[PDB]
Amino acid sequence: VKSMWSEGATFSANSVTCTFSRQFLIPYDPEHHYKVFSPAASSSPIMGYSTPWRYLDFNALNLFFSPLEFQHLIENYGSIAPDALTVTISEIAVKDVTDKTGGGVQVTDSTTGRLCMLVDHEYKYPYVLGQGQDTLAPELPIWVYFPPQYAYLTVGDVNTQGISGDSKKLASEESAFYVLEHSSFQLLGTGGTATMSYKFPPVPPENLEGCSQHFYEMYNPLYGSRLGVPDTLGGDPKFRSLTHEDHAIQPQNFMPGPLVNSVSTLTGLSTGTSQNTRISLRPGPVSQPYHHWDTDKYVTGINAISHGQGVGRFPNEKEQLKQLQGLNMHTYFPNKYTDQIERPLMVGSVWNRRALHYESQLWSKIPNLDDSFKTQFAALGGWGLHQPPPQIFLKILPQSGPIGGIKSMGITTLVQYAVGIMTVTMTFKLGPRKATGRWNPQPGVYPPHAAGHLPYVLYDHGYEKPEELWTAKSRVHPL
Amino acid sequence: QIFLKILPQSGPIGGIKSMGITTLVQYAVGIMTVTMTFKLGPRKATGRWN
Amino acid sequence: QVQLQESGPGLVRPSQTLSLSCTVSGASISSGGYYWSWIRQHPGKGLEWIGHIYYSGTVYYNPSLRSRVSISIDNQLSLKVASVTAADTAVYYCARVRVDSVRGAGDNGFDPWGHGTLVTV
Amino acid sequence: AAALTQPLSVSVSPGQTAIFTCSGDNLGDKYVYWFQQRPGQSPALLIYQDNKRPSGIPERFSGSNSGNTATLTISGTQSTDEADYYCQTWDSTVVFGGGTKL
Amino acid sequence: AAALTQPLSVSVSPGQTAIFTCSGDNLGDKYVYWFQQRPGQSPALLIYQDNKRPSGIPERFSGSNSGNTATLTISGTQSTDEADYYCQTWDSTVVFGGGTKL
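So, a few notes on the structure that sits alongside this text.

Quick notes on the rules
- Residues numbered from 1 in each chain as written, not as in the entry; some residues may be left out.
- Chains lettered and ligands numbered in written order.
- Part of a larger assembly, values for the part shown.
- Heavy atoms only, no water.
- Contact = heavy atoms within 4.5 Å.
- Buried area = accessible area lost by both parts, 1.4 Å probe.
- Polar contact = N/O pair within 3.5 Å; in protein donor to acceptor, adjacent residues only side chain to side chain.
- Helix = DSSP H or I, 4+ residues; strand = E, 2+ residues; numbered from the N terminus.
- Nonpolar A, V, L, I, M, F, W, Y, C, P; charged D, E, K, R; others polar.
- Disulfide = S-S within 2.5 Å.
- Buried < 20%, exposed > 50% of the residue type's maximum accessible area, 1.4 Å probe, protein only.
- Pairing = 2+ DSSP bridges.
- Salt bridge = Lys/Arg side-chain N within 4 Å of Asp/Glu carboxyl O.

Examining the interface of chain C and chain D
Logical step 1: Listed as interface residues are 18 residues of chain C and, on the opposing side, 18 residues of chain D.
Logical step 2: Across the chain C to chain D interface the summed buried area is about 1,700 Å²; carbon plus sulfur atoms make up 63%.
Logical step 3: Here chain C is connected to chain D by 10 residue pairs in polar contact.
Logical step 4: Looking at the side of chain C that touches chain D, the elements with two or more residues in it are β4 (34-41), β5 (47-53) and β9 (92-98) of chain C.
Logical step 5: Of the residues forming the side of chain C that touches chain D, the biggest block, 3 residues, is contributed by β5(C).
Logical step 6: Tallied by class, residues from the side of chain C that touches chain D come to 8 nonpolar, 7 polar and 3 charged.

And the structure:
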């Protein structure tokens, strides 16, 4: 039997199978406690639990696709949707440090230590995987993954104990203490292997193709319009007909989508109580851009997220500025004009999406509370689904010697750490590209850069990512 | 070309610390046995006498 | 450069609210991740830590001085230690720590300190 | 740990070293920070993360953290290092040490 | 490494040794070269490749390179070895050390 490190995407006219492999490292915990919290806010505080476990977060898109493979994805296909996912934990080498006392560290190898692996197929434990935090994976396959520690927030009971105003969320009857050691635990010793084998639900595709037409300009530019438009107001209408030059008063049969607090340049847009509780709903809905290119510069929005760096790394949503969205887009009403910045849902509407890019998420989670709309596509990129890919928790073990009969001899957790290899494969159901009788060469697919500093390549940790994000809508539909 | 890296086994950590050398130190010895066959032709004829 | 200047009221013995303040110069305090500590030092003895506060209201306290002191932020970094029947006057420093990444162990230490005020009790 | 141990004072001459002890339970898997407090002045961050020094601190200060102790070694002590040195860790709140009076 | 560490000066008597320190990150898997610069003169290649000496350098100079440090040991220092000794490596360009003034 052959032991392999697998990596690489294989394309077809149908789905592409993209696998990657990293080296993980379950470090250590000198205390295997649970370590509740002590936040004690003073102005609704938080209340958590710090589990001694390690989950892994392969959420982003820049791990399954190389930049050459992402460029081959954009210039050849016109949709993408995942349908399968397997996570194999390869060769495990749990080892122990012997503390040379004069050298400090000497690492032998342990055959009796193990690595407790739990897969949460039943969704019993809280899901913290898809929120966009700075522990995902290395972008390049040569660096070592350090998987994050598992922790979660619960709901408790806010008290007010202190001197001035000190609040503290204590435990209530609704609060929960999920001990992960009440489960089934593939114990997974040295050399052991384990798999997950998830299967994605039917999700709508992401349509990696722009438009060569405005949605409000879909008419014959000649010929006028069969209908009329008012001239006088005040009870005596006196409607007139239209010519072909009436472009700003052409009647549309479909409205644009909502623009709830789209502005340009804290908390952004925010719900909450009077002025100071005020939790943020930062990257808007998915129907809104937060960065595009107007006639002179880049407009950058209040509701933007930076994706790195600062100056920021924002995706250029040029396909939302086209179809009647954008940042400083007011709506006007002739009520006895009222400039409004919020646009409502407007029963017949189309708002296409905020575009996915090379570094976006893949799923988040739709929360278990009911009556969702629309929630098929989450913000921060990705899909977002009921029953997401389950979390793979990885503790090592507390091997706890020696004793000597009465004594607390030694360290009693001796010291152990585990290295390994995680090979994650995911298949994406690709759709065929939309037809164009176009005759023009379509624009080329290359990541954006400015001058001299090229995109993904080593320079004199070396490897540098571009200033703008590499979006995915660069071929035209033609609507 | 037959490329041969070893691996970057990268311990220990201790939970937060950058303990040790983190590439610990490793080296690999081995044996490469390379066989090659050469299609030989027969020697050209000479009625030479020398 | 970032400097921290204190404010001392003087001396009040018969159990009044000891109020302090620490205006930060060089950089604003609601500009990112930095704790803002209050640290004591008894003359002839080691340092003592009261508590630190983030700009979004969350404040950690010392478990020994928990029900006496109160840290607050109105771009002022106040401290309202009451019940001064125990005559602790020592010294009151301000200090800033960069907020760590993993929340487990402290990745940074108190690099910018204050000048220190001498309260008497 | 939650209670750092540190002796009272040390005695040194110019031309040698003075190594202090900051004892503590499981201090090897922790960060220890050293603070230089000259008399009449606020402390300054001397050695952070058990080995590193900032730009304002000269290159004669170095420390270590192994096992249940963390030392601070001064290489070539001058006539201006007579200052209280405190070790400080983070046992989930903050833990300050006693101080070796030099 | 890219920044070699070396102390200021050392004090010695005739009849003993004077060992210096050239600290550096991962200096064990590197080459360290020592240079003897008498005052008023150019430096000379004292010890090359951590153990070797050329023909012009006498057989009382020897060095080492282990772990994160590289030492230079003078066996029986005479009254002519009062010279600045610099350690030099190659972190892909050239890295010179500070210099132990003897």
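Structure's up, so let's keep going.
Side note on the state of the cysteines
Residues and elements named next belong to chain D.
Logical step 1: This structure, assessed with the given rule, holds 3 disulfides over all chains.
Logical step 2: Each disulfide pairs two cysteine sulfurs, and for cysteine 22 the partner residue is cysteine 87, the sulfurs being separated by 2.0 Å. Looking down the S-S bond of the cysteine 22 and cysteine 87 bridge, the torsion is 85°, so its handedness is right-handed. Taken together, the residues span a long stretch of sequence, with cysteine 22 in strand β1 (residues 18-23) and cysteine 87 in strand β6 (residues 84-89) at a distance of 65 residues. For the pair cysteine 22 and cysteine 87, one class covers both residues: buried.

Overview of the pairing of strand β2 (residues 33-37) of chain E
Residue and element names in this part refer to chain E.
Logical step 1: Of all the 5 residues making up β2, 4 are buried; the element is thus mostly covered by neighbouring parts of the structure.
Logical step 2: In this structure, β2 lies alongside strand β6 (residues 84-89), joined through 5 bridges in antiparallel fashion. Residue pairing for β6: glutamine 37 is matched across the bridge by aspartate 84.
Logical step 3: Where β2 folds back onto strand β3 (residues 44-47) in an antiparallel hairpin, the turn is made up of 6 residues, including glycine 40, whose phi is positive at roughly 80°.

As for the pattern of salt bridges
Logical step 1: In this structure the tally under the stated criterion is 17 salt bridges over all chains.
Logical step 2: In this structure, A:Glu359 and A:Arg313 form a salt bridge, with 2.4 Å as the shortest nitrogen-oxygen distance.
Logical step 3: For A:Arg313, a relative accessible area of 7% corresponds to the buried category.
Logical step 4: Across the pair D:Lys101 and D:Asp84 runs a salt bridge whose closest N-O atoms are separated by 3.4 Å. In this pair, D:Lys101 sits in strand β8 (residues 100-101) while D:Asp84 sits in strand β6, placing the two residues 17 residues apart along the sequence.
Logical step 5: The exposure class of D:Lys101 is partly exposed, given its relative accessible area of 44%.
Logical step 6: Counted as one network, the salt bridges with shared partners bring together A:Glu139, A:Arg313, A:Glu359 and A:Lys465.

Section: the side chain of A:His292
All names here are of chain A.
Logical step 1: With respect to the element layout, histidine 292 can be found in strand β14 (residues 292-293).
Logical step 2: Overall, the relative accessible area of 4% leaves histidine 292 in the buried class.
Logical step 3: Once residues lying within four places of it in the same chain are set aside, the contact partners of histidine 292 are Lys297, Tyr298, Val299, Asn316, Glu317, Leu321, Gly326 and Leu327.

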